[PDB]
Structure formats: structure tokens, C-alpha cells
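Student: Quick check, what structure comes out for this input:
(one chain, ligands or ions: 1)
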Amino acid sequence: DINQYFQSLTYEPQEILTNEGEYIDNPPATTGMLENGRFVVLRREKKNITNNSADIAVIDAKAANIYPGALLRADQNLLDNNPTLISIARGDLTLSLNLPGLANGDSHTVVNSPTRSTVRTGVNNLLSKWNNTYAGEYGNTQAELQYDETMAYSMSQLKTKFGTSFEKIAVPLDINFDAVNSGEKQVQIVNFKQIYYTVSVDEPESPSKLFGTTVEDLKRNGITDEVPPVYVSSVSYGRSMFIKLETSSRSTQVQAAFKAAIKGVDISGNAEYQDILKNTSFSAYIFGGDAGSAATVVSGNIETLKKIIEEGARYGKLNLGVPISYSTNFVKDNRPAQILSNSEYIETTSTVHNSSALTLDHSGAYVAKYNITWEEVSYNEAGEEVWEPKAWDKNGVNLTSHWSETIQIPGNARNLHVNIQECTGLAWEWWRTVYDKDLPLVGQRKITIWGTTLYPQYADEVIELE
Ligand SMILES: OC(C(F)(F)F)C(F)(F)F
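Tutor: Numbers count the residues shown, from 1 in each chain. Let me share the structure:
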């Protein structure tokens, strides 16, 4: 009996579907740079990404050996999203057609001598029975949106976020890891899946029910306690769109910007910082819907992306789609074949700190002592902050009657303090403090003292730029 042998099969499913790989070392200590009156704080930290899932998203419509009820081997091939098919005498099995939100549809059909052709035929009579009357030919309300976003930092971490095919779409996607690492550009990758339907296979009550003259014709197909058999349980059909979004923006509101952008929820309206969207250059690898043969690569601009997703969503059809994701189960215990994958990577985040301008104006019938101070950030080795004391070069200096000077506090500065005093004709209170405050490093700030020795009057004003 086969079931007995299947029950005797002693393997470790999870350990045979594992993807290690760290090779991360240690990232160069965080540093600080000066660029065009701005301060660039570069901080890159070592992180780890993990992905354990039995839902395999496809990529190459040609490298597809996937179909509902497909009997596949459980090996490195299956692990690398390039499984091996076991073409043996197949046992009749029942297939069902699941739709996103079609109430109680779930059309069922029987399948004899299971194979690409037969399954294709079943799915054909299904989809045909569906399109024949139901108003769901070109589009169907809201197909299942499977949105998988992630900021790009490492080919491997992307290989973990999507699998071992992003290595295949990498060239078309054109990702700038060097730039991201340098901190120049910022790029997010988004797996936008748009499932129109989903073919399900009735869980085999028994391996015997799956495969009756199959006495021991298993060892002649590659079945062993070393190479367990799996079967494609569910296959999702729709439009798969792997989009790459690059922008020269900073590390502020980017995620939200991109996500909201891709989701296209009229974010444009009341969009505080939309410079990212005005600087969103994209490149998308799409397949499904528009065609059931080849894929399409489109590089361009934010708008082009919007109109491309909008014209790619409800412009396709339902008649016949392409496999964009699938799932398989072990033949023995019908356990979900959950591929695991780990990957350490480097998250590189930079921060811009603008210059600061402090104008000083003296209009007093007297002599005014000036005294302004602050501290500057120094990023030495070990990536540890080093705040260094700084004071105005003319500090302690006393200015006569009228004076004026604008000062340029660097971006890597903080804890600004201003202290200005005025000389009085008094011997007891020779010096009278006029102004003394801790000040925020706002864009532009003008401080104007003026008036009489017996009465000094000041003015602290703040201005903007652009
Ligand atoms: O790539 C096509 C284009 F260009 F958007 F028209 C498709 F419609 F398929 F998306």
C-alpha cells in the first residue's frame, strides 16, 4: 500500500525548504557631511529580514511549470521557484474556481487524468460558464489587491522579500543599491498583485486518491524519503506588477508618500511634501491581464505610473489570465510547503540639516556687549556623536551706537544661546543685561537692539525662505 509508505516517510519539510545567507559583516560607522549649506547625517545600521511563506509569487510566465493540481517534486528546484514536474498516472481530482468577492460562486468541476490540458479545459469550462452570462468579462468590481511594498537596501533582502526571481527582474527593474547605500537616492520596491481569480484543488483525502495500478511506480519518478512529493493546491490568476520607485527625497515621509502614491487615494490634494511625487521616477515589470504570453517593462514618471496602474487595473480582462502566484502542499500530510528565507542587510538612512541665519542689529545710544554661543556635531569614528563647544568670534565684544552683522550657524549645530547686554553710565550697575535666551535654530532670525542707556529696547523677529 502507498499510504503506508507515505506514512512511513520520515522527512523534515521546513528544513528542506530553507534559505540561509547572511554575509553582512559590519557597516561603516555613521558619519556627517557638509553639502551646500546643509548637513548630511549618514547612518547605516545592520538589520535582518525574515520570510516564511507557502505563497510563491511567480515572475517569468515562461519559467512557469505551475498549474492547479500540478504534481511537483520537493527539492532545491521547488525551492528556487523552478520546480520539477512528476508526469505520472494522475488520479482524478476536483477543482474549484474562487473569485475575490463574488458572494457564493465557488464553481466546482471534476478533473480526470489531471494534466495541463485537462486542467486548462476545466478552468476553460469554468471561466466560460462564468463569462457566458455573468457581467465579468473585462474587469470584475475590485480584484484582490495583493500589495507588497519594501524599501530597497539589498539584493538579498529583496530576494527574501520576493524570492529568487527578483534576481531575474533586477536588471529590468534597475535598482541603485550603490546610490541607496551612498544615501543619494531613495528607492522602494512594490509587488502590486491584482488577482482576478483563484483555482483551488480539493485536498486529497489520501495519496492513493491523489495518484490504482500505481503499485510502486514512485521510485522511478524521484520519490524518496530524501525528495518528498508536493502538489500545487491553489493557483492565483490575475495581473502581477513589480514596480520600482526611485526619488531623490530625504528620509522623511517617503514610505507614506510612496505607499499612498501607489494606492492612488487622491493624495495630491493637501499633499504637504509632494516634492517626492514630483521627483518620483519609476520602472515597472508587469505581466498578466493585457496579455497571456509575454511581460512588459515600463520606465517613466510618477504620473505615467499612476495612469499605468489605473489603465492596467480595469482595462485588462477576465477571459484568460496568467499565473502570478501559487501554493503547494506536501503529499504526505497535506502540510503547506512554507519556504523560509533569512537575509541580513544594511539599512542606510541619511538626514539633512539646513543652515541657520542669525542677523544682529545694534541701534542704541550706547555700547552693547554681544555674546552668542552654541555647539556643533562631530561624527568621529565608532559613529558616536561629538558635540563641540562654539561661540561667536566677537563674543564679549562691545559695539558702539549702530552696528549690524548676519551670522551663519551650520546645520550640524544645536543649543543656540544669545546674550546681549548694554553699557550704562552707572558705576554700580555698569553693565545691564538686555537680552538672554536659548533660541531654536530657525531658518532666519533678526535681533535688533535699540534705544537709550536708561532704557534699552530689543526686537526678536523670525523670517522664512524660498
Ligand atoms: O503596459 C501596457 C501599457 F503600456 F500600460 F499600456 C499595459 F496596459 F499593459 F499596462
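Student: report the longest helix in the chain, please.
Tutor: helix 116-131 (DSSP state H).
Student: Determine the set of other helices and strands touching whichever helix or strand comes after that one.
Tutor: Next helix or strand after helix 116-131 toward the C-terminus (DSSP states H and E): strand 144-151. Where contact means 3 or more Cβ pairs under 8 Å, 6 or more residues apart in numbering; DSSP states H and E, strand 144-151 is packed against helix 155-161, strand 186-201, helix 254-263. For every residue, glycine as well, the C-beta is placed using N, CA and C.
Student: C-alpha coordinates for the longest helix of the chain, CSV please?
Tutor: In CSV, the C-alpha atoms belonging to helix 116-131 read as follows (Å, rounded to 0.1, in the frame of the first residue of the first chain):
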residue,chain,number,x,y,z
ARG,A,116,-2.1,21.0,-18.0
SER,A,117,-4.5,20.3,-20.9
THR,A,118,-7.3,18.8,-18.8
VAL,A,119,-7.0,21.4,-16.1
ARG,A,120,-6.9,24.1,-18.8
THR,A,121,-10.1,22.6,-20.1
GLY,A,122,-11.8,22.6,-16.7
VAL,A,123,-10.7,26.1,-16.0
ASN,A,124,-12.0,26.8,-19.5
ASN,A,125,-15.5,25.4,-18.9
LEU,A,126,-15.5,27.3,-15.6
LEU,A,127,-14.4,30.7,-16.9
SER,A,128,-16.6,30.1,-19.9
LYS,A,129,-19.6,29.2,-17.7
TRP,A,130,-18.8,32.4,-15.8
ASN,A,131,-18.3,34.8,-18.7
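Student: Buried residues, it. List them.
Tutor: Neighbour-count burial for helix 116-131 flags 118-119, 122-123, 126-127, 130-131 (criterion: 16 or more other Cβ atoms under 10 Å).
Student: Residue 46 contacts residue 23, correct?
Tutor: No. Assessed by Cβ atoms under 8 Å, residue 46 is found out of contact with residue 23, at 11.5 Å.
Student: overlap in contacts of these two?
Tutor: Counting by Cβ atoms under 8 Å, 6 or more residues apart in numbering, the residues touching both residue 46 and residue 23 are residue 344.
Student: more crowded one of the two?
Tutor: For residue 46 versus residue 23, neighbours defined as other Cβ atoms under 10 Å are more numerous around residue 46 (13 against 9).
Student: beta partners for the more buried one?
Tutor: residue 346 (DSSP bridges).
Student: And for residue 299?
Tutor: Going by DSSP bridges, residue 299 is paired in beta bridges with residue 283.
Student: which helices and strands does the longest helix of the chain pack with?
Tutor: Using 3+ Cβ pairs under 8 Å, 6+ apart, the elements in contact with helix 116-131 are strand 93-98, strand 107-111, strand 186-201.
Student: Identify, out of those, the most deeply packed stretch.
Tutor: Neighbour counts (mean count of other Cβ atoms under 10 Å) averaged over each of these peak at strand 186-201, with a mean of 23.
Student: Spell out which strands sit alongside the host helix or strand of residue 56 in the sheet and which way each one runs.
Tutor: Assessed by DSSP H and E, residue 56 sits inside strand 55-57. Neighbouring strands of strand 55-57 in its sheet, by DSSP bridges, are strand 322-330 (antiparallel).
Student: Name the residues of the stretch 351-466 of the chain found near the ligand, please.
Tutor: By Cβ under 6 Å from any ligand atom, no part of the stretch 351-466 of the chain sits against the ligand.
Student: Contacts only, for the residue in the stretch 351-466 of the chain that the ligand sits nearest to.
Tutor: Of all residues in the stretch 351-466 of the chain, residue 352 sits closest to the ligand, at 35.1 Å by Cβ to the nearest ligand atom. Taking Cβ under 8 Å, 6+ apart, we find residue 352 in contact with 38-41, 250, 411.
Student: distance of the nearest residue to residue 144 once chain neighbours are set aside from the ligand?
Tutor: Counting by Cβ to Cβ, 6 or more residues apart in numbering, residue 195 is the residue found nearest to residue 144 once chain neighbours are left out, at 4.0 Å. Going from residue 195 to the ligand by Cβ to the nearest ligand atom, to the nearest Å gives 16 Å.
Student: oh, and call the first residue 847 from now on, that's how I've got it
Tutor: Okay, using 847 as the starting number, the last item reads as residue 1041.
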